[PDB]
């Protein structure tokens, strides 16, 4: 029944700066006089949600001082005084006053690392064990980069490969605020043995020049 709406759909803050997230409700969250069960939760990457604030303005046991909660009726606000590196994740609002308990859509709070970090690149050739199966998977790894903005281009014998790679990206690190990315090139064993020079070229802000890591089929 009750629709919950979080306003900053996404958020990027430098550590030390403040933060504000807002939860607007379709109907008043007032159960009875002085009883407004608005709660703010934080789900860190790959964890269960933690309760941060209950009854609009009361910090739960252990929540640090920088987390604050204001609001009344249909409008409420969570405030982080000094955003830290550990605060990245998704913030949810929740009402416990009415029969269908409902959550907010969520608010992704990201970290804006002060200094830029360069992706450390590594190339991995397909294992002989896999090549026995009949398929070849090459893996390029870009490690610990802050400007998540990063691009990789696969090249086999200086031929740019299209539609043969898939990428996966981690979530922002809650200690270093860095990202990591794996590009995977999937070829048939025959096509893999047809060519000989495999390289991934990484174009990143923190990199003055395109980093390229490469290998040849038979090298040990």
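Numbering follows the first chain given and starts at 1.
Peer 1: Can you tell me whether 210-218 has a higher mean C-alpha B factor than 4-12 in this record, or the other way round?
Peer 2: The recorded data point to 210-218.
Peer 1: Averaged over C-alpha atoms, is the B-factor higher for 35-43 or for 168-176 in this PDB entry?
Peer 2: In the deposited entry, the stretch with the higher C-alpha B-factor mean is 168-176.
Peer 1: Of 108, 98, 148, 79, which one's C-alpha B factor is largest in the deposited record?
Peer 2: Of the options given, 148 has the highest CA B-factor in the PDB entry.
Peer 1: So if I compare the CA B-factors in the entry for 188, 28, 50, 68, which one is the largest?
Peer 2: If I rank 188, 28, 50, 68 by C-alpha B-factor, first place goes to 188.
Peer 1: Taking the chain's C-alpha temperature factors as the reference, tell me which third residue 83 falls into: lowest, middle or highest.
Peer 2: It belongs to the middle third of the chain when residues are ordered by C-alpha B-factor.
Peer 1: Relative to the other modelled residues in the chain, which third contains the C-alpha temperature factor of residue 54: lowest, middle or highest?
Peer 2: Its C-alpha B-factor belongs to the lowest third of this chain's values.
Peer 1: Consider only the C-alpha atoms of the modelled residues in this chain, order them by B-factor as the entry records it, and name the third containing residue 104: lowest, middle or highest.
Peer 2: Ranked within chain, residue 104 CA B lands in the lowest tercile.
Peer 1: Consider only the C-alpha atoms of the modelled residues in this chain, order them by B-factor as the entry records it, and name the third containing residue 125: lowest, middle or highest.
Peer 2: CA B-factor rank for residue 125: middle third.
Peer 1: How does residue 134 rank on Cα B-factor within its chain, lowest, middle or highest third?
Peer 2: Ranked within chain, residue 134 CA B lands in the highest tercile.
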